[PDB]
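Here we start with a single chain on its own, the form deposited in one PDB entry, put down as structure tokens.
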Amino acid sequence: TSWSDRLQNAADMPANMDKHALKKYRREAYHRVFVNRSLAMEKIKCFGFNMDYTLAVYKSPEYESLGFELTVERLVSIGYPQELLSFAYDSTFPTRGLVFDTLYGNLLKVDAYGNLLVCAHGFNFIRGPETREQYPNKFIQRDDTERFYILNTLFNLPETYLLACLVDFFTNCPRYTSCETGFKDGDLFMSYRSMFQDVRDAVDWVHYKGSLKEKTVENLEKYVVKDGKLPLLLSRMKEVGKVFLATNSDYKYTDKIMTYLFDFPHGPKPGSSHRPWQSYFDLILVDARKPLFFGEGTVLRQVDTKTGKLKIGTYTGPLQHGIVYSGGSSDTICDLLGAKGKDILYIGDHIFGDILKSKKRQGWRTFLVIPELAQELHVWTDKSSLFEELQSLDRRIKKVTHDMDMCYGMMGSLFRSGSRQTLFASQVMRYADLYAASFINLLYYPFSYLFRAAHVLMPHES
């Protein structure tokens, strides 16, 4: 049972919009919207979306496993050894938000202050004393972006696993000599850093120049969660506000995916005429180039939707029905929709590019979609008494911590290691006003709901 199995199981359920059935439904943690800061829904005038892992949630482990295979195939074709072909994606290893230390070749799970929670070199989990050899203070400076790369997106899950597979393979292959900062193969030295760069380049290539998009679109049922409640929720949002799409993807891909997500023999509700995905949006913007989008952005372009090419020149005209934009900036959206930042609820899965930057740069309200939560909630609930045991204790503490963490996977929970919260968890609490396993959970709350969080008090104020 992957998180996308949980999500698709929920998607297969028709909507019962009886006011009491809705209240009853959002009692289950799985269908709730979780609140970091209060948000009066009646003040929200525009709902904005990212596509990838928001509207189009890719099925797991199938989509990660396809990315992994194509990245491996790309590395082998540029001259990495044949043995790479014998790797197979393992969804029980990677947790999102890990840091790759490019100097020493370690994956690290860290808290918000750069304290090390987990260190693995390949598939060897390094304990306390040995980690102090490389990290004397058990601490990394995460502003050292040349050395440390944070694998924060769901697109980075295959490469998280692949980095560990590579370190493991080269360490154990007698053709290579292991050094502190990489591997010697006779007169060739491959540093962890240049290995990491090859991996990152091959992932980029696979998405932009390779076969990933082609293979996705030829089997959408296999790769993409589909839900009859999607048109229903978007149509209800459009009744009370404007709705926009701002995606990094190009028009052709977006049109293929979105067509699929809306491909029902009815519109919003069963019985209603089907309508094209585009009619659900007051504004559609592709090639957004987020996070730059939330600063200077790029020049505003117009898509020729017949060819899928951009028209030549900067677009200087008004918002017209049927027009599709490319590039631009967050100010474009505000100007064209007549919105102030605080009137906008922006819905995305990228805790940096989407959510952090629209909050810090523009004061947008934010809803983070966290697909893994659909399964982390099930673990959190039926290891209730394991965390409670941990909480009661403050040697047994390290053991309980370990067994709590293993229930999630080899790299533990997205949100913690025992009683120590992750960097990812702290970015969520600080920058996501609202969050959930799916934005569909909004359907379970009335139009003008006040999501409420308790007022925060300092220690001297308590």
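What we label the rigid core is the largest C-alpha set whose atoms superpose within 1.5 Å from one form to the other. From 1 onward, residues are counted along the sequence shown.
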item	value
Other entries lacking residue 212, at least a third	no
Check: residue 353 without coordinates in a third or more of other entries	yes
Deposited residues lacking coordinates between residue 394 and residue 395 (none, 1 to 3, 4 to 9, 10 or more)	10 or more
Higher-scoring stretch by recorded Cα B factor average, 125 to 133 or 361 to 369	125 to 133
Selection by C-alpha B-factor (highest) of 314, 273, 381, 330	381
Top residue by Cα temperature factor, when 352, 192, 346, 223 are compared in the entry	352
Ranked C-alpha temperature factor of residue 89 among modelled chain residues, by third	highest
Third of chain Cα B-factors occupied by residue 340	highest
Relative C-alpha B-factor of residue 309, binned into the chain's lowest, middle or highest third	lowest
Ranked C-alpha temperature factor of residue 176 among modelled chain residues, by third	highest
Within-chain third of residue 208 by Cα B-factor, per the entry	highest
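The discussion below concerns the form deposited in another entry, not included here.
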| property | result |
| --- | --- |
| Conformational change between the shown form and the other one, one of 79, 136, 313, 322, C-alpha moving 2 Å or more after core fit | 313 |
